[PDB]
4 protein chains.
Amino acid sequence: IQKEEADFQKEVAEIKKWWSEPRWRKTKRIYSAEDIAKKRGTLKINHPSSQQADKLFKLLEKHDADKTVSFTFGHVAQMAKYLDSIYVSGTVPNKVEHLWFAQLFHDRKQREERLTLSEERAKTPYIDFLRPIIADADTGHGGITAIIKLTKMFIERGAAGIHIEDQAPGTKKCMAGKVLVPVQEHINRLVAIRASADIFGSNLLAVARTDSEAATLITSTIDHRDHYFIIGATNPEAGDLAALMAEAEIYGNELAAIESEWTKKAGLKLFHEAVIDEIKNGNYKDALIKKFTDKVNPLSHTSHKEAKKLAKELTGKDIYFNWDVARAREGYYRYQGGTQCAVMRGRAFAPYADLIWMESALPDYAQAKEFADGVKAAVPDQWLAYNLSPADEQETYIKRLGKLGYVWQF
Amino acid sequence: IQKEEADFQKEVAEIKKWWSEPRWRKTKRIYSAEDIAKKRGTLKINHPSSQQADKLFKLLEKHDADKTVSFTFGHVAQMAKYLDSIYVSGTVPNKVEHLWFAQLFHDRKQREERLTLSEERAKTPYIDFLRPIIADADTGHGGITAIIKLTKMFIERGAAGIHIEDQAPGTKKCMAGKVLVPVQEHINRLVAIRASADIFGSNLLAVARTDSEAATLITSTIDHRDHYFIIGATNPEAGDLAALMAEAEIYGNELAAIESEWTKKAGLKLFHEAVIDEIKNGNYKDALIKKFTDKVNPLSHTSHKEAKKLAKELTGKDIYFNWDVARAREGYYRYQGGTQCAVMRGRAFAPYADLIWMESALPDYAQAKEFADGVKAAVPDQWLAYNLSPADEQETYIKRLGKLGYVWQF
Amino acid sequence: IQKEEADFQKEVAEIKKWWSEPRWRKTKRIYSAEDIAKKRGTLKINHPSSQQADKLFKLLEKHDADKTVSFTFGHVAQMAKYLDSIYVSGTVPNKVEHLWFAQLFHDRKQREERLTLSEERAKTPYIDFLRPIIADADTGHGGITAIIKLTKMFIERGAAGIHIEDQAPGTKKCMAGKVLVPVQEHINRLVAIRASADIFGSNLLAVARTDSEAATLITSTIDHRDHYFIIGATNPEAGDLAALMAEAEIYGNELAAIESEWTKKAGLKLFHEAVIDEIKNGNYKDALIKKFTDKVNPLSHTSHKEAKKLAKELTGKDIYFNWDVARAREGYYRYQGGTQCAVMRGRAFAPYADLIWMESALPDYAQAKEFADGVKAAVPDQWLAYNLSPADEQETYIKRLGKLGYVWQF
Amino acid sequence: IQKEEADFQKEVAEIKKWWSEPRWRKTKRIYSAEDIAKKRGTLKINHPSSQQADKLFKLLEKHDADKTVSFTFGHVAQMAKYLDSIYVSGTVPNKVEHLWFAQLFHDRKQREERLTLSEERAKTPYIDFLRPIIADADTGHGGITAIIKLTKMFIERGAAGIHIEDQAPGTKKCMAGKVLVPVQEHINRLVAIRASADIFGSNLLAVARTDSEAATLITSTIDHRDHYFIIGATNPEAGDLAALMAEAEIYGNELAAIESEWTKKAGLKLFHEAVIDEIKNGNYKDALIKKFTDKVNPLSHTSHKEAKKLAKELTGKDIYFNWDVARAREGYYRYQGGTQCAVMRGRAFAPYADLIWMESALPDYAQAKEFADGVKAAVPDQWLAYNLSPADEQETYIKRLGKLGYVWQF
């Protein structure tokens with residue numbers, strides 16, 4: 001009894017000390033050290049993935065200080081000569097474990113070869129096979145327990161970092177736009193990952209990727225931060241698309257025409273766009289539009305009810321805006337997205353993720369510049385990651401992106 | 001070229017003939033035989049799970065004709081003396097494959113022992129280890145491709161039947177009510193299961209379980225058939241619960257008080273309940289209430305807009321009803337459920353499932369009777385399954401349930 | 001009872017008919033059809049691996065008739081443009097299953113792409129991804145039950161052929177010569193493979209590789225057919241090597257000297273070599289040496305006792321020959337091997353294997369020619385396989401080897 | 001370079017210190033600390049199985065000091081109330097990993113339940129789910145690399161101890177006696193296990209079981225320590241059994257008669273038995289028989305050549321003894337075994353195994369007493385294990401066996 005309480009208090013103290021090093025300088029935890037200690041067992045288990053995560057964190061710190069890019073790629077011999085880390089994506093835990101075992105085997109073989117040699121070692125090159133591994137945690141697809149168990153599996157199998165997306169689970173298509181989850185759902189997934197890492201006692205890095213730039217749908221409107229980017233219909237006489245297609249289910253090649261007719265009938269606009277295009281019809285001009293834009297902007301986290309209230313106070317009328325009739329067949333709301341939505345999502349995800357990852361359909365320096373500026377204006381010391389969806393001036397472009405703040409690209 | 005078209009046409013013809021036997025007497029397929037033939041490969045693969053599914057279908061036909069129950073349970077030696085089938089639930093494909101291999105091994109051993117004996121076989125009892133296996137397909141959790149691959153895996157691993165629920169994926173809790181998916185989502189999952197079985201050329205049975213009786217939440221309001229059972233707030237002055245808890249995030253033990261205060265402030269009622277309790281205030285009585293109930297009933301599949309239109313035509317006023325403010329933190333709409341919702345869901349799932357499964361929190365003969373009466377009044381020859389959530393008069397209760405139409409219980 | 005005996009007799013009849021087609025024209029079975037039928041279960045299971053084995057057998061028949069080589073290699077897209085089969089070796093069942101699934105998936109995708117196109121198919125090339133797979137069954141390492149289960153696993157996972165070696169299990173080294181098993185042990189393994197294939201009802205091909213050419217050790221002297229190739233000491237005053245090294249276990253670099261001294265002290269010769277080098281000392285010349293060589297030759301299957309008896313009848317003295325003192329530390333007898341030992345082993349393995357495989361340390365046309373001549377002089381219609389241990393005139397060399405009788409090379 | 005040598009020397013020093021604690025007080029290592037350090041990688045990995053092995057070693061030390069038995073058995077809830085350890089045998093690594101995960105999960109759940117309670121903990125019982133696991137390493141079946149990898153897998157999956165047998169791999173039958181390997185082969189397997197544990201840096205216990213008491217065959221005669229127990233034929237006119245059965249392969253039911261006739265024709269006796277029964281025919285009596293028995297005894301490790309030399313010096317004639325004609329069909333030599341052979345094998349295995357395990361066909365107190373006396377007379381502080389092949393006075397029998405020196409029974 002007394003020894004049990006003594007070791008529990010010692011574990012709480014060591015967890016609190018563990019949260020004081022510069023590793024967690026910008027990590028936001030909603031759980032107390034007592035909860036993490038209670039979640040742990042009576043046998044303290046250490047994982048080499050924690051050491052790999054420490055190595056990756058130190059590498060990213062060095063690259064951020066030096067404003068240099070850490071090259072990555074999706075054969076272990078040449079995966080350590082030219083790379084600093086390996087990103088694994090599609091199962092995925094099996095790939096991570098196999099790669100970790102291969103790296104350990106090659107490191108063991110190299111050390112056996114080198115130690116048996118006593119002058120000739122200087123001529124023999126050294127290869128650091130122990131490259132930190134970034135694991136894509138896209139095999140959960142349900143709730144929070146799945147991501148907890150996935151984080152446990154990744155930590156046990158040597159992953160130094162875990163990557164998750166705000167894309168809706170079970171919605172990837174071979175593609176008519178991506179489907180997002182509310183910001184709070186992705187924040188909860190990140191918090192679950194961090195809590196699982198704390199339970200396992202690992203320094204595992206959390207990597208969050210936002211797919212809002214190319215996304216066209218969102219699962220729910222429950223989060224106010226998304227309300228700015230939700231597309232609704234400004235035509236009160238337009239019925240629901242899903243109901244219209246259900247009651248008129250004609251060939252799909254001809255249903256594409258009914259969809260086009262409905263889309264033209266109801267002006268699909270954002271609420272701020274709707275009030276802007278309505279306020280141009282009737283002088284009241286610059287002052288009220290400017291103040292509405294200042295108070296209702298993509299980075300304002302303003303709920304749609306508050307936006308309607310402000311429009312009523314300014315314009316003087318209740319602007320019609322129904323985003324339910326624009327829902328897809330499965331109920332996904334139409335979503336605008338864009339670069340500013342990506343900036344908002346990255347700012348929201350920064351307290352819970354070590355790396356903020358932005359996807360791009362095409363290479364555009366201006367988009368990366370504005371995303372980096374927004375994220376580093378909200379959270380200055382936030383590491384950023386960049387990639388392109390699947391010339392010779394790519395080197396200088398990568399160098400410029402690294403100078404922007406992107407310390408992890410592939 | 002010519003041989004390729006010849007074998008493709010022969011495959012289409014054999015698929016069309018395969019869909020003519022009494023096995024698919026009440027199976028609704030949205031795909032053509034051409035699509036199923038095109039989805040198949042150049043190597044025709046037969047699975048013993050198809051024979052097991054045929055055996056299970058014949059057994060269920062015999063039990064339905066005899067109005068007898070097929071006992072089941074969640075050790076293969078005593079799993080064939082007292083049972084006709086085995087239901088496997090939680091991974092699950094691994095359990096199904098292991099059980100199938102064990103059954104095959106025991107059958108092989110029994111036949112080896114019997115064939116080596118030439119009079120003494122009559123004294124030796126015979127055990128039919130080849131019991132059809134019902135597999136719980138709850139490991140997908142995302143989209144339609146996952147359930148397709150899960151059906152393929154179950155067919156390859158000897159499953160004679162696949163069971164799915166309309167409960168929301170990744171929402172099971174250790175429980176503040178279940179979360180449902182729209183009826184069309186479960187119908188799509190059933191159609192995907194049937195299409196996968198047709199692609200693999202298996203007679204695999206589809207078992208659909210509805211959890212609407214104990215459910216309290218629904219993921220989306222996109223399906224009109226669910227609109228009757230969606231709970232909304234009749235108080236125009238009540239704000240969103242999720243927003244209120246976000247802006248007031250006080251201890252949870254005290255947040256339980258804010259939730260109670262909000263719940264009391266806004267009358268959480270169904271729309272038909274709202275118009276009933278409003279129409280009692282002011283005579284217009286029996287005739288219009290009766291006609292509204294006849295036109296707006298749980299088994300009417302009436303959209304909420306149509307219900308509001310009928311109420312406006314009858315009552316004369318726009319009854320306030322906002323189900324968005326009653327959403328949970330993650331965006332799940334409040335759902336009523338009940339036995340009539342289960343009847344509606346079972347009627348909708350009957351064309352796509354061989355077995356319709358109803359869950360019960362507690363054993364109630366009246367609830368089972370009314371569910372069976374509704375389902376067999378819509379679809380007469382629909383097999384039913386019954387189970388209780390985890391005395392001596394259980395035998396007569398089981399016999400009565402079998403006489404009702406439940407041919408599969410455990 | 002009556003139906004059970006009826007179906008058992010029908011199964012026996014269908015097995016006997018199955019053994020009458022030209023597939024088993026040269027297959028020797030020690031088990032009766034009754035035993036195979038009794039080993040089967042009550043559920044007849046068909047495997048696509050049987051169809052793949054039929055395809056491989058037909059391909060090998062065509063190549064043997066045309067005296068052409070079937071190219072092979074140890075990426076499924078280019079594994080079907082340039083190859084007729086794939087050999088899988090190192091686990092191995094997992095590789096076979098993964099490759100089989102990949103081939104099925106690619107075939108399915110190709111047929112989906114082609115069937116959706118109705119003229120343009122002629123321009124589109126056709127790729128036969130369903131290449132027969134040869135599986136290396138080297139993961140058993142113990143007894144006969146292991147090879148039975150391994151054959152079952154390979155048949156279930158799509159293997160069209162199984163390859164085994166006469167090398168001693170658990171003796172491969174990274175190499176101071178290979179260790180062989182007695183001929184009867186490999187024959188028993190081949191018989192077990194054939195019996196397992198008959199139990200599963202598959203036309204799976206058995207491939208037997210002999211490693212006797214480069215082998216230097218043999219596990220046992222129990223088989224008379226090996227007695228000709230066993231190395232013994234002709235010096236009666238030489239003690240056991242293993243005992244000498246046990247009682248003198250000095251540094252290994254110096255133990256290499258004790259081994260050399262012992263090897264020089266005792267003349268390590270074959271018994272026929274010993275009697276030849278002894279009969280040269282003292283005239284008795286051509287006639288008796290010639291008759292001894294005719295009666296004691298590598299392809300005579302003469303036991304060592306019979307050889308000693310013949311030498312005593314001819315020479316007149318008991319020639320000293322002790323092969324126990326030449327055993328290794330673990331008890332492996334010294335073995336000569338050579339090409340004639342390979343010919344003897346291939347002749348012994350021919351009744352039980354569809355393909356006879358000969359390994360070569362270096363490419364030598366004379367060695368392949370003599371091996372092929374011996375094997376096809378014993379069993380004329382025996383398919384042969386050739387490979388080299390791991391220029392531009394390789395094409396004509398392969399063509400010549402194919403004309404010799406080698407129908408499967410890689 | 002300099003840091004590499006520095007850390008290598010530090011690792012060698014820490015390995016040498018690790019070998020100084022009372023854990024390795026009686027452990028014989030043939031490898032140097034330099035070899036173990038060179039076999040390790042650049043990433044030091046710690047396993048909780050090492051802590052479990054430490055716990056098991058401390059438990060066995062306490063039981064040996066207290067002369068008490070550690071009960072074991074082949075449900076984790078009741079596996080910790082009544083047991084101190086769990087032995088896992090038949091795959092087996094998968095069972096060990098599953099049991100280890102179950103134990104960790106139950107320990108985690110228990111600690112979560114207890115820590116959330118702050119007085120009421122005293123009433124709540126405590127269950128130590130972390131029971132050390134003994135793993136049966138019988139899945140290698142080939143060479144030394146297999147047992148090395150198996151030891152690595154067991155250490156990684158939470159095994160606190162590894163058990164191996166001297167029975168021949170791939171020879172277990174459902175039984176006409178067990179087949180043994182030479183003593184040196186089992187010693188090499190134990191040394192490989194210890195070397196693998198040292199490479200992984202684990203305190204894993206090695207458990208060695210000898211099956212010589214019930215064994216009737218031995219794979220090889222290469223080890224002098226086995227030469228005393230090898231059965232040979234004393235009839236010079238008897239041919240080889242294997243050759244006789246090969247040339248007379250009549251029904252097996254009638255071959256059982258040929259085997260009996262051959263066995264009666266050739267007196268199957270041990271060499272000491274042969275010289276004893278021959279020296280009784282002709283006085284020379286007590287003195288020379290006594291001195292031969294003293295110099296040629298089961299615990300003398302006398303080679304057969306030395307025994308023949310002593311018999312020739314004493315009796316005056318070369319006693320005929322041929323153990324090759326008594327070999328089985330597969331080449332296994334006839335082996336006597338008995339309790340004295342078990343004592344010899346246990347004495348030989350004691351330097352390399354923490355626990356010496358003796359199997360018994362039937363419970364006999366005298367046999368266990370003599371085995372314990374022999375083993376503890378050679379190596380005094382050697383832990384012993386006892387089990388019976390698969391009443392109320394079993395408690396006192398277990399207590400007596402524990403007082404003998406058996407500290408681990410099940």
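Atoms considered below: every heavy atom in the structure, side chains included; atoms not considered: hydrogens, waters and symmetry mates. Proteins come first, then strands; the chains are lettered A, B, ... in the order of their sequence lines, and each starts at number 1.
- At a threshold of 4.0 Å, the pair A:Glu14-A:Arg40 counts as salt-bridged, since one of the basic side-chain nitrogens sits closer than that to a carboxylate oxygen.
- Using a 4.0 Å cut-off between a side-chain N of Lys or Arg and a carboxylate O of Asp or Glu, C:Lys178 and C:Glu165 do not qualify as a salt bridge.
- D:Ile356 contributes atom CD1, which lies 12.5 Å from atom CE of D:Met358 (distance to the nearest 0.5 angstrom).
- Salt bridge absent: D:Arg209 and D:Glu359 never bring a charged side-chain N and a carboxylate O closer than 4.0 Å.
- In this structure, A:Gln78 places its CD atom where only 12 or fewer heavy-atom neighbours from other residues, nucleotides or ligands lie under 6.0 Å away.
- Heavy-atom contacts from other residues, nucleotides or ligands closer than 6.0 Å to OH of A:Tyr126 number more than 12.
- Side chains of C:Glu330 and D:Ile222 form no contact here, defined as non-hydrogen atoms less than 4.5 Å apart.
- Taking the side chain as every heavy atom from C-beta outward, D:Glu4 and A:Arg121 approach each other to under 4.5 Å.
- For the atom pair OG1 (D:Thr151) and CD1 (D:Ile199), the distance works out to 9.5 Å, reported to the nearest 0.5 Å.
- Note on residues 197-208 of chain D: pairs passing side chain to side chain donor-acceptor pair (under 3.5 Å), not counting sequence neighbours, are D:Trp18-D:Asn203, D:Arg29-D:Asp198, D:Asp54-D:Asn203.
- The closest side-chain heavy-atom distance from C:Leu244 to C:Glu247 is below 4.5 Å.
- In this structure a side-chain-to-backbone donor-acceptor pair under 3.5 Å is present from D:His106 to D:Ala102.
- No donor-acceptor pair closer than 3.5 Å links the side chain of A:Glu156 to the backbone N or O of A:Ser49.
- Around the NZ atom of D:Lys44, the shell of radius 6.0 Å holds more than 12 heavy atoms that belong to other residues, nucleotides or ligands.
- Across all non-hydrogen atoms, the minimal contact from A:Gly201 to A:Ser50 is O-OG, 4.0 Å.
- From A:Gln52, atom CD reaches atom CG of A:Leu205 across 12.0 Å, with rounding to the nearest 0.5 Å.
- For the pair D:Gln382 (side chain) and D:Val375 (backbone), a donor-acceptor distance under 3.5 Å is absent.
- Between D:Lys55 and D:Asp128 there is a salt bridge, since a side-chain N of the basic residue sits under 4.0 Å from a carboxylate O of the acidic one.
- Between D:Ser70 and D:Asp84, the side chains place no donor N or O within less than 3.5 Å of an acceptor N or O (distance only, hydrogens not considered).
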### Message
Run D:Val191 and D:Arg194 through side-chain contact (heavy atoms from CB on, under 4.5 Å) and show every step you take.
### Response
CA-CA 5 Å; D:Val191 169; D:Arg194 184 50 61 199; 5.7 Å; no
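- With D:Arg345 as the fixed residue, the side-chain hydrogen bond (donor to acceptor under 3.5 Å, both in side chains) test singles out one of D:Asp226, D:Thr210, D:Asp211: D:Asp226.
- Because its NZ or CZ atom is not both nearer than 6.0 Å to the ring centre of D:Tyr352 and within 45° of the ring axis, D:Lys28 does not count as a cation-pi partner of that residue.
- A salt bridge links D:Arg189 to D:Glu185: at least one charged side-chain nitrogen sits closer than 4.0 Å to a carboxylate oxygen.
- At a cut-off of 3.5 Å, with distance as the only test, no side-chain donor of C:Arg329 or D:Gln184 sits close to an acceptor on the other residue.
- In this structure, D:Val92 and D:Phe154 have side chains that are in contact, with non-hydrogen atoms separated by less than 4.5 Å.
- A heavy-atom distance below 4.5 Å is not found between the side chains of D:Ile164 and D:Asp136.
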### Query
Does the side-chain contact (heavy atoms from CB on, under 4.5 Å) test come out yes or no for C:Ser89 and C:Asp138, once each step is laid out?
CA-CA 8 Å; C:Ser89 60; C:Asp138 289 1; over 6 Å; no
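- More than 12 heavy atoms of other residues, nucleotides or ligands lie within 6.0 Å of NZ in A:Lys152, so this atom counts as buried by the packing criterion.
- To the nearest 0.5 angstrom, D:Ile30 atom CD1 is 10.5 Å from D:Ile187 atom CD1.
- Ring pair D:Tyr406/D:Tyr386 is perpendicular by interplanar angle, where above 60° counts as perpendicular and below 30° as parallel.
- D:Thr219 contributes a side-chain N or O that, together with a main-chain N or O of D:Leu180, makes up a donor-acceptor pair within less than 3.5 Å.
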### Task
Give the C-alpha distance, both sets of side-chain angles, the deciding distance and a yes or no for side-chain contact (heavy atoms from CB on, under 4.5 Å) between D:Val379 and D:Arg347.
CA-CA 7 Å; D:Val379 181; D:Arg347 294 173 47 172; 5.8 Å; no
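- Side chain of D:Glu5 to main chain of D:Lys3: no donor-acceptor pair is present (N/O by atom type, distance under 3.5 Å, no hydrogens or angles).
- Looking at D:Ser85 and D:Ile133, their side chains never come closer than 4.5 Å, going by heavy atoms from C-beta outward.
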### Task
Could you please spell out the steps behind the ring pair (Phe, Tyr, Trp, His ring centres under 6.0 Å) verdict for D:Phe57 and D:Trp383?
CA-CA 11 Å; D:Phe57 194 85; D:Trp383 297 338; 4.8 Å; yes
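- In this structure a side-chain-to-backbone donor-acceptor pair under 3.5 Å is present from C:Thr171 to C:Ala168.
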### Task
Report the C-alpha separation of D:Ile134 and D:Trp408 in whole Å, then their side-chain angles, then the decisive distance to 0.1 Å, and conclude whether the side-chain contact (heavy atoms from CB on, under 4.5 Å) test is met.
CA-CA 11 Å; D:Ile134 312 295; D:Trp408 195 81; 3.7 Å; yes
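- Between D:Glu11 and A:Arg111 there is a salt bridge, since a side-chain N of the basic residue sits under 4.0 Å from a carboxylate O of the acidic one.
- D:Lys26 NZ to D:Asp354 CG: the interatomic distance, rounded to the nearest 0.5 Å, is 6.5 Å.
- Between A:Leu150 and A:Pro93, some side-chain heavy-atom pair lies under the 4.5 Å cut-off.
- The aromatic ring centroids of D:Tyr87 and D:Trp357 lie less than 6.0 Å from each other.
- With A:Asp107 contributing its side chain and A:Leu130 its backbone, the two residues share no donor-acceptor pair below 3.5 Å.
- D:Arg25 has a carboxylate O that lies under 4.0 Å from a charged side-chain N of D:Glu61, or vice versa, which qualifies the two as a salt bridge.
- Looking at heavy atoms from C-beta onward, D:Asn94 lies in side-chain contact with D:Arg157 at the 4.5 angstrom threshold.
- To the nearest 0.5 angstrom, D:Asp166 atom CG is 9.5 Å from D:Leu190 atom CG.
- Counting heavy-atom neighbours within 6.0 Å of D:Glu21 CD, excluding the residue itself, gives a total above 12.
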